Amino acid sequence: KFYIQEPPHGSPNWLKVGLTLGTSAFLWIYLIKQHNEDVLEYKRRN
Amino acid sequence: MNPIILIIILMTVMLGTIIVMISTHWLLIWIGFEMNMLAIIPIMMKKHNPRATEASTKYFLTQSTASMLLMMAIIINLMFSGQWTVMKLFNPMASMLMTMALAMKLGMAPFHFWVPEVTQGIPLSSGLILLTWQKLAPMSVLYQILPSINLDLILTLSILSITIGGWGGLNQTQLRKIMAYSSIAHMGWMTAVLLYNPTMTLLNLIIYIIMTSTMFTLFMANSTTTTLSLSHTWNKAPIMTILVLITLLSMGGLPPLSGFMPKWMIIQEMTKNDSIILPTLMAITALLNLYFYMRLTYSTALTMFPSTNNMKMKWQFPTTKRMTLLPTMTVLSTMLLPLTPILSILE
Amino acid sequence: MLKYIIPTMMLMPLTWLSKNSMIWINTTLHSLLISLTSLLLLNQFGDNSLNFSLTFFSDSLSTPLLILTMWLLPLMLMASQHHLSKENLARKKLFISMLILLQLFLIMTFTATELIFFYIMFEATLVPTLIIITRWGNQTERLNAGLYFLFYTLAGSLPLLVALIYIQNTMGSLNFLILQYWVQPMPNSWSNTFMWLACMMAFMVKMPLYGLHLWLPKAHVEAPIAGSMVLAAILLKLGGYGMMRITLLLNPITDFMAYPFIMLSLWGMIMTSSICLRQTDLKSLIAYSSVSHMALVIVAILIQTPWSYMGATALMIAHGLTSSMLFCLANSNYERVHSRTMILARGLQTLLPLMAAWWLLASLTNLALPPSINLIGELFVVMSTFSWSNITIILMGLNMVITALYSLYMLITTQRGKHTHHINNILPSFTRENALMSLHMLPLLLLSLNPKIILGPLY
Amino acid sequence: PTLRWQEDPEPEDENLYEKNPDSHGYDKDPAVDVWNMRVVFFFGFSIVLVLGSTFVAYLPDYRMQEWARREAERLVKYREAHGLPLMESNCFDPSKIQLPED
Amino acid sequence: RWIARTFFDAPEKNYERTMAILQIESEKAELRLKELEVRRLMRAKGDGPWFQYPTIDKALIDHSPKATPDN
Amino acid sequence: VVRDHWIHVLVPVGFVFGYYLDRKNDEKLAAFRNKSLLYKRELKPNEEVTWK
Amino acid sequence: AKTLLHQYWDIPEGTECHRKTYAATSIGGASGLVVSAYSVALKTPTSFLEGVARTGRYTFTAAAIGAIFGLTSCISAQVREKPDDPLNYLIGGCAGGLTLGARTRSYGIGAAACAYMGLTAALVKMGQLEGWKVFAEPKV
Amino acid sequence: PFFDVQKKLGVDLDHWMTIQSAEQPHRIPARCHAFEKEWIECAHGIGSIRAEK
Amino acid sequence: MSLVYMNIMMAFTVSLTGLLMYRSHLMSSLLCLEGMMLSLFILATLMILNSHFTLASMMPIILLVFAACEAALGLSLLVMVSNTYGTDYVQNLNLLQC
Amino acid sequence: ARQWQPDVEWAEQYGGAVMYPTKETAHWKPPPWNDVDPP
Amino acid sequence: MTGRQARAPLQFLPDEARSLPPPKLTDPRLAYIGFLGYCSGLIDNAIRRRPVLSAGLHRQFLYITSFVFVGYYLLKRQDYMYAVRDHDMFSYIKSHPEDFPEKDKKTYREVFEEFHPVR
Amino acid sequence: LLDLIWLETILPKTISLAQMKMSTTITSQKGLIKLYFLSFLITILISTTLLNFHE
């Protein structure tokens, strides 16, 4: 429908979007755990 | 020009710059500059036109005589107090020859006669890699040998570099010669601070490399060599217009935009000495080297030149390149005014 | 003051994600609400200033200019259709967002605690105006006008930065109180003279004075109405604001070194009032009028009397309102006839019966009508300069005579006597233009009732 | 044998009348023109101008004027009832001064 | 009175704000001038830990019995 | 009323946010609460405050 | 160079005259030799006798600027008897600019050279008089 | 920049070609050995300016 | 001051001027660069020999192998220049102008 | 459409290899658009 | 300015930087970095001709996360650098009493100035 | 006379013509390499023996 020689993208892939969401959730959880351990280290040392 | 061979040659450019940075011995400094030359010659002549051949010839002769002058200065250094350490030198003649070698290596105004010629007859990827890496790597060496330099050398070459890279530049309609003269002006702006606080020099290097990457990416998105092609890229797509606007006005160095953090912090840690006439002269020449940016902008995105058709045919086909990293470098190069206390990221 | 900074930011994506033919109503309504909230500022009392941070603070000099900026925004944002109402949706949104960003940097600039921050937001005000006048200049020398604007205002304004860095690292911080409460006299050396000449000459470029005033008229006759009114009113009165703040330092040497600038300002005020008597190009008369009145402002700032500073800020605010309105009437007549000239568009007493009242009332507020604020400013400047010298009042009154002459000639030239009877396209006056005229005039008369607001620090 | 251009013969003068005779200032949409007129004359006059006139018509005593009146009345009554001249000069007490000698 | 009650601020609030803010920025100005004086004397004499450009590391200097007796 | 048209709610809530954050800055800068030599009375009647 | 500008600023100014004009001829001849060396290195005037002509022309004009600058500096210092104000070097720079315009045979270039050489000579006088460390502390 | 991956990895790639008084292949001296040993042990932990003075 | 160092530095400046001023040829310029390479080699080698500085005797051999492959690159570029023309003059490079 | 736009001859000035022609810079021909010199 | 105890590896942040308090979440600088990331994502949807404010929300979230993460570590480095600058400054103040004397705070009862009236 | 013709000659025109003439003297270089290396050589000599940089 509507497209001679159907577009190479636009039809959504399913590896790259899941990879980006997975690494972004991983990066948020890592920085939150890093920040909480840093706050607990600051309150331990002081 | 196989992709394996290109990955190998770019890896050798990376390796040459790392060997320049990482060693505490003069032989690896010379080997790093030399391997950087030997690898950066076949990034040029990626085409086969005689333009790239003559450009690589000019670059090879100037680059090689700079390398031999460097080796002369190092052998004079071992004629005096004898060790191969990267520190304070022990001869004003040796430091004289070495600063002139690095001045030929990265371009000063008695030495810059190879820069617009070698940037004219090459494609944009080769110009990008030579500007970024060839003006990155010897700044490390000057940063290492800064406590033993006669000041008149650096400062005369820097003043003259800023004023000649300004004056030469109001007469070129080519893009690459404009960018080369801008490179000469920014080499002068980095060099004039180097005996006072070198954190400003390395931060100005970071800012100029990000600006040049944005500029050459906005010229890689649409193959242009003259400003008439820039007006046709006004006609084909509107976002390239406003980004050429913002990156040209950030090359100019206007205060709300992030091209003012290099100039103004240099003014600060220049005038915390008793040098005032030299900052006002340098910054009036910084007023001077904005005019060709501004006529470039008037050609691109403020007035509208009449465009040939077949843009009617080009409209069906979207700009389907891949950019290296255009939007991140754009917003980091232009919207980074209020993070000036990332100055102290560097020590 | 953050309660005024952040809704100016929030009014920007308003314009983007409002739909077609609804960006206008939302932006006008919300900027008028910002104007009411701006008028709620006026709290300033007696002994100190008011501090809206170690970052923001308001003198009573900055209060009426700030309310003037946030009042001149919606007036302009309504003033700038019918010459871009046929253009694209994206370019229209870009223009409106550019005006909002220019308001943002003007608020940044008027509530600038530090002089470094003042310089950065000064040239941040300088940035979008070039883009506005070049992209919508509607004439063929808009490139020349924007380029002269740029290089004049930078190349004058630039060693001011070097002088401010030198004061920054010879006397500590640059809050206006700790620049104050600590300021020591600076004797008649030569380096102090060059520091004074750098700072005062940067603002001399910005006002302008006579030797540097061709900066201005191209940037008004070759510019749209939005850039023209903001340029004239807020940028020139911002330059005067900046000189008022920075002249607290360098106390002794201004008597030694401030005679030739007084001179060039007075004789060029006379020559500029003379040059705007015989010109065509109706837009340019108000431009040279602005040059004359800001030369009067410059004489008022460089003499250092409290009467002079009260008269200076009153003259600033009154002339900002009058010249912005008179620019807007000139654009109204240019939208009636695509001329820009003066001897062509004749008649207009018979036709357009209501527009005569606005022309007459704006010409009388330019005439220094005596209960108005313009005569209050000019009168206190005349009092202070006759205290300065007993002989300079001749130039002031000769300026007064020629000012009345050219203003009333500008009235009786375009709108008095005979239609040229080959025009036959002019429509009766819209409600929009008269709404703009009523938004200009009525605050000026209501300040003429109670001018204890607009008199500045030395009330 | 040349023209050097290809664009439209321009322009047509947009008479904003002759399609809406009841029109307000700007273009030919009937409803939003009425909404613009209503919002500029309500939220520009009826809530801005008149309420601003009442707000800065009277407020706390701006730059401390009537307080200065009443304090001066009290202080002139005091300094006239206690012999000394009103506004004695030398506002800083010459007991609390130390001149450099000669 | 209602305008002063519902919108404005006391002169006590603003007055103590001014006084605290002058205390803060007086600390800032004194630290800035002391910074540049420390920097100029530390560059002049070199006794401080800032301007110490790296000299020879003596850990590689390894004294040992050589070949030639007179070194 | 909100999700019908949510565009007109933007800048009044922005102003309320800015006013709240100016009050938060004023609470942050609450040194010299009763250490001025002029505005200094004994604390009264109930709880600990004279401006906030 | 440094040694002959030190020869110029060794003289009390003041008057120890025609030592001043001799040192100023040395300054002008050195500067003209610099400019002639670059302008024969980057142009190659074809031929060598015309190269000698261009070098002699540039050196004679720059030495004439220096000589007349030094003479009118000496004369203004002897007449006004005030070794302090830079207005004597203002007159000096204007005389040098007018003789530059006399050699190049263009009057507007001579007027502009009068203005800028007078301003720069007064600035160099005030830099030596008040004391302005150009190029360097190089300390902090 | 003077990056010190040289020191971080613990690899003595560039500390043997560098100076005299190192470990020569056969344990032999130089011509001016003890002069550099005394000079380096004078100027070891010194900030390169009072090392001059 | 080891008098031979004086004449070898003199020979270095001679080869440097022969590199810099050169007429209508590139092979002679590259060959003078090779002579300058030989000058640096001999000067550094006499220094390392007279100083008994034995572990850093790699400077002459590594200097000369690296600058020899520089000369090889320069010869390949000269052959490319003479391939895209008939000759290898300093003339006929006048295109790609400044 | 009543807004001025730059004409053909306004962009003819942005031609040649240089911007300001003099008595010595006339021979600067514009570069080929392919960056390919003809053999 | 250089080492400052040149044992000194490449060392993006030492263990001594865990003694100063870490930067808080929703400090205004990292919120500005998040806004700059959102504008980066908006303009990345604008470079290619995909529609703005849609069709890239995983890329929007990736850009915001990457910029906030990197800016968090750079802010921790900034705090470390300013702390060690102040520590070295006050150590040099304490280590040299001679060059930094107590200035005689002469009150304005006995400090004379010039006047120069503007008439 | 005073504003237009003289003031537009004294502030814009003289500066703009100075920049134009200096640009047409600097960038007007034909591409011969012998000239560039002779410039390098006379720069080295003028930095060694005339205006000293090793002293």
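Cβ: placed from backbone, ideal geometry, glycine included. Neighbour counts: every protein chain shown. FYI, it's all coordinate maths here, none of it is from the lab.
Answer yes if at least one residue in segment B:1-11 is within 23 Å of I:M58 (Cα to Cα), β-branched (V, I, T) and surrounded by fewer than 19 Cβ atoms within 10 Å (Cβ to Cβ), and no otherwise.
Taking segment B:1-11 as the starting set, the residues that turn out to be within 23 Å of I:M58 (Cα to Cα) are none.
No, there is no match, as no residue in segment B:1-11 is within 23 Å of I:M58 (Cα to Cα), β-branched (V, I, T) and surrounded by fewer than 19 Cβ atoms within 10 Å (Cβ to Cβ).
Select from segment I:13-32 the residues that are buried (at least 18 other Cβ atoms within 10 Å of the Cβ) and at the interface with another protein chain (Cβ under 7 Å from one of its Cβ atoms) and list them in ascending order.
First, the residues of segment I:13-32 that are buried (at least 18 other Cβ atoms within 10 Å of the Cβ): I:15-16, I:19-20, I:22, I:26, I:29-30, I:32.
Those that are buried (at least 18 other Cβ atoms within 10 Å of the Cβ) and at the interface with another protein chain (Cβ under 7 Å from one of its Cβ atoms): I:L19, I:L20, I:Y22.
Please go through segment C:424-459 and give me each residue that is in a loop (DSSP other than H, G, I, E, B), touching a residue at least 40 places away in the same chain (Cβ under 8 Å) and surrounded by 16 or more Cβ atoms within 10 Å (Cβ to Cβ), ordered by number.
The answer is C:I426, C:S429, C:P451, C:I453, C:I454, C:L455, C:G456, C:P457, C:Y459.
Any residue in segment C:53-74 that's within 21 Å of C:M310 (Cβ to Cβ): show its pairings with residues that are among the charged types (D, E, K, R) and assigned to a helix (DSSP H, G or I) at Cβ separation under 9 Å, as long as the two are six or more apart or on different chains.
C:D59/C:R245; C:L61/C:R245; C:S62/C:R245; C:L65/C:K237; C:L68/C:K237
Which condition from (1) at the interface with chain L (Cβ under 10 Å from one of its Cβ atoms); (2) over 28 Å from I:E34 (Cα atoms) is the one that B:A109 breaks?
The number of the failed condition is (2).
Residues are listed down the side, and each one gets a yes or a no for (1) in contact with a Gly (Cβ under 6 Å, 6 or more places away or on another chain); (2) under 21 Å from G:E13 (Cβ atoms); (3) surrounded by fewer than 16 Cβ atoms within 10 Å (Cβ to Cβ):
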| position | (1), (2), (3) |
| --- | --- |
| G:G101 | yes, no, no |
| G:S106 | no, no, yes |
| G:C114 | yes, no, no |
| G:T120 | no, yes, yes |
| G:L123 | no, yes, no |
| G:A136 | no, no, yes |
| G:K139 | no, no, yes |
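Can you pull out every residue in segment I:50-98 that is of a type outside the set (A, V, I, L, M, F, W, C) and in a helix (DSSP H, G or I)?
Keep residues of segment I:50-98 that are of a type outside the set (A, V, I, L, M, F, W, C), which gives I:50-52, I:54, I:57, I:60, I:70, I:74, I:76, I:82-89, I:91-92, I:94, I:97.
Answer for segment I:50-98, where residues must be of a type outside the set (A, V, I, L, M, F, W, C) and in a helix (DSSP H, G or I): I:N50, I:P60, I:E70, I:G74, I:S76, I:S82, I:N83.
For segment E:46-60, what are the residues that are facing chain H (nearest Cβ under 7 Å) and either within 13 Å of K:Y92 (Cβ to Cβ) or surrounded by 19 or more Cβ atoms within 10 Å (Cβ to Cβ) (or both)? Even if it seems obvious, please write down each step before you answer.
Keep residues of segment E:46-60 that are facing chain H (nearest Cβ under 7 Å), which gives E:46, E:51-53, E:55-56, E:58, E:60.
Selection gives E:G46, E:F51, E:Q52, E:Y53, E:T55, E:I56.
Taking K:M89 as the residue in question, decide whether it is in contact with a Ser or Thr (Cβ under 7 Å, 6 or more places away or on another chain), surrounded by 12 or more Cβ atoms within 10 Å (Cβ to Cβ) and not in a loop (DSSP other than H, G, I, E, B). Talk me through it step by step, then tell me what you get.
Details: in contact with a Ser or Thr (Cβ under 7 Å, 6 or more places away or on another chain): no; surrounded by 12 or more Cβ atoms within 10 Å (Cβ to Cβ): yes; not in a loop (DSSP other than H, G, I, E, B): yes.
Criteria not met by K:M89.
List pairs: first in segment I:9-34 and charged (D, E, K, R), second outside any loop (DSSP other than H, G, I, E, B), Cβ under 6 Å, 6+ apart or cross-chain?
Hits for this filter: I:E34/I:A71.
So which residues in segment K:1-33 are within 12 Å of chain A (Cβ to nearest Cβ) and either under 24 Å from K:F67 (Cβ atoms) or aromatic (F, W, Y) (or both), if there are any at all? Give the derivation first.
Step one: of segment K:1-33, the residues within 12 Å of chain A (Cβ to nearest Cβ) are K:13, K:15-27, K:30.
K:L13, K:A17, K:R18, K:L20, K:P21, K:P22, K:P23, K:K24, K:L25, K:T26, K:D27, K:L30 - these are the residues of segment K:1-33 that are within 12 Å of chain A (Cβ to nearest Cβ) and either under 24 Å from K:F67 (Cβ atoms) or aromatic (F, W, Y) (or both).
Considering B:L102, B:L89, which residue is farther than 18 Å from H:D14 by Cβ, of a type in the set (A, V, I, L, M) and not in a helix (DSSP H, G or I)?
Details: B:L102 fails: not in a helix (DSSP H, G or I).
Exactly one of B:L102, B:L89 is farther than 18 Å from H:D14 by Cβ, of a type in the set (A, V, I, L, M) and not in a helix (DSSP H, G or I), namely B:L89.
Please go through segment E:1-29 and give me each residue that is more than 7 Å from every other protein chain (Cβ to nearest Cβ) and either farther than 19 Å from F:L29 by Cα or touching a residue at least 12 places away in the same chain (Cβ under 8 Å) (or both), ordered by number.
E:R1, E:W2, E:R5, E:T6
For G:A37, only one of the following conditions fails: (1) more than 29 Å from L:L32 (Cα to Cα); (2) surrounded by 15 or more Cβ atoms within 10 Å (Cβ to Cβ); (3) free of Cβ contacts under 8 Å to residues at least 24 places away in the same chain; (4) not acidic (D, E). What is its number?
(1)
Of all residues in segment C:127-176, which are within 14 Å of chain E (Cβ to nearest Cβ) and either under 25 Å from the mean Cα position of the chain (by Cα) or aromatic (F, W, Y) (or both)?
Restricting attention to segment C:127-176, the residues satisfying the condition of being within 14 Å of chain E (Cβ to nearest Cβ) are C:165-176.
Answer for segment C:127-176, where residues must be within 14 Å of chain E (Cβ to nearest Cβ) and either under 25 Å from the mean Cα position of the chain (by Cα) or aromatic (F, W, Y) (or both): C:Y166, C:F176.
Identify all residues within segment B:1-53 that are in a helix (DSSP H, G or I), hydroxyl-bearing (S, T, Y) and more than 21 Å from the chain's Cα centre (by Cα); write none if there are none. Break it down into steps so the answer makes sense when it comes.
Kept after step one, since they are in a helix (DSSP H, G or I), are these residues of segment B:1-53: B:3-22, B:26-40, B:50-53.
Now narrow it down to the ones that are hydroxyl-bearing (S, T, Y): B:12, B:17, B:53.
Matches in segment B:1-53: B:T53 only.
For every residue, the table says whether it meets (1) within 18 Å of the chain's Cα centre (by Cα); (2) closer than 30 Å to E:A29 by Cα.
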position: C:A223; (1), (2): yes, no
position: C:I246; (1), (2): no, yes
position: C:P260; (1), (2): no, no
position: C:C276; (1), (2): no, no
position: C:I286; (1), (2): yes, no
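Among the residues that make up segment L:32-46, is at least one of them part of a loop (DSSP other than H, G, I, E, B) and buried (at least 17 other Cβ atoms within 10 Å of the Cβ)? Break it down stepwise before answering.
Going residue by residue through segment L:32-46, those that are part of a loop (DSSP other than H, G, I, E, B) are L:32.
Pick out the ones that are also buried (at least 17 other Cβ atoms within 10 Å of the Cβ) and you get L:32.
Looking for residues that are part of a loop (DSSP other than H, G, I, E, B) and buried (at least 17 other Cβ atoms within 10 Å of the Cβ), one finds at least one in segment L:32-46, hence yes.
Does B:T241 meet the test of being away from chain C (no Cβ under 11 Å) and touching a residue at least 60 places away in the same chain (Cβ under 8 Å)?
Working: away from chain C (no Cβ under 11 Å): no; touching a residue at least 60 places away in the same chain (Cβ under 8 Å): yes.
So B:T241 does not fit the description; no.
Please identify the pairs in which a residue from segment C:143-160 that is under 15 Å from C:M200 (Cβ atoms) and in contact (Cβ under 8 Å) with a residue 24 or more places away in the chain has its Cβ atom under 7 Å from the Cβ atom of a residue that is polar (S, T, N, Q) and in a helix (DSSP H, G or I), counting only partners at least 6 apart or on another chain.
Pairs found: C:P159/B:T280.
When you scan segment B:311-347, how many residues do you find that are of a type in the set (S, T, Y) and either assigned to a helix (DSSP H, G or I) or closer than 30 Å to C:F117 by Cα (or both)?
Within segment B:311-347, the subset of a type in the set (S, T, Y) is B:319-320, B:324, B:328, B:330, B:333-334, B:340, B:344.
Subset that is either assigned to a helix (DSSP H, G or I) or closer than 30 Å to C:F117 by Cα (or both): B:328, B:330, B:333-334, B:340, B:344.
Final tally of qualifying residues: 6.
Give just the number: which of (1) within 20 Å of D:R38 (Cα to Cα); (2) within 7 Å of another protein chain (Cβ to nearest Cβ) does C:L42 not satisfy?
(1)
Do you know which residues across segment B:244-260 are assigned to a helix (DSSP H, G or I), in contact (Cβ under 8 Å) with a residue 60 or more places away in the chain and not polar (S, T, N, Q)? It would help to see each step written out before you state the result.
First pass over segment B:244-260, keeping only residues assigned to a helix (DSSP H, G or I): B:244-252.
Now narrow it down to the ones that are in contact (Cβ under 8 Å) with a residue 60 or more places away in the chain: B:246-247, B:250-251.
Answer for segment B:244-260, where residues must be assigned to a helix (DSSP H, G or I), in contact (Cβ under 8 Å) with a residue 60 or more places away in the chain and not polar (S, T, N, Q): B:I246, B:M251.
Any residue in segment G:51-77 that is in contact (Cβ under 8 Å) with a residue 24 or more places away in the chain and among the small types (G, A, S) sitting within a Cβ distance under 8 Å of a residue that is crowded, with 18+ Cβ neighbours inside 10 Å and not in a helix (DSSP H, G or I)? List the pairs, counting only those 6 or more apart or interchain.
Close Cβ pairs (under 8 Å, with a partner that is crowded, with 18+ Cβ neighbours inside 10 Å and not in a helix (DSSP H, G or I)) amount to G:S73/G:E13; G:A77/G:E13.
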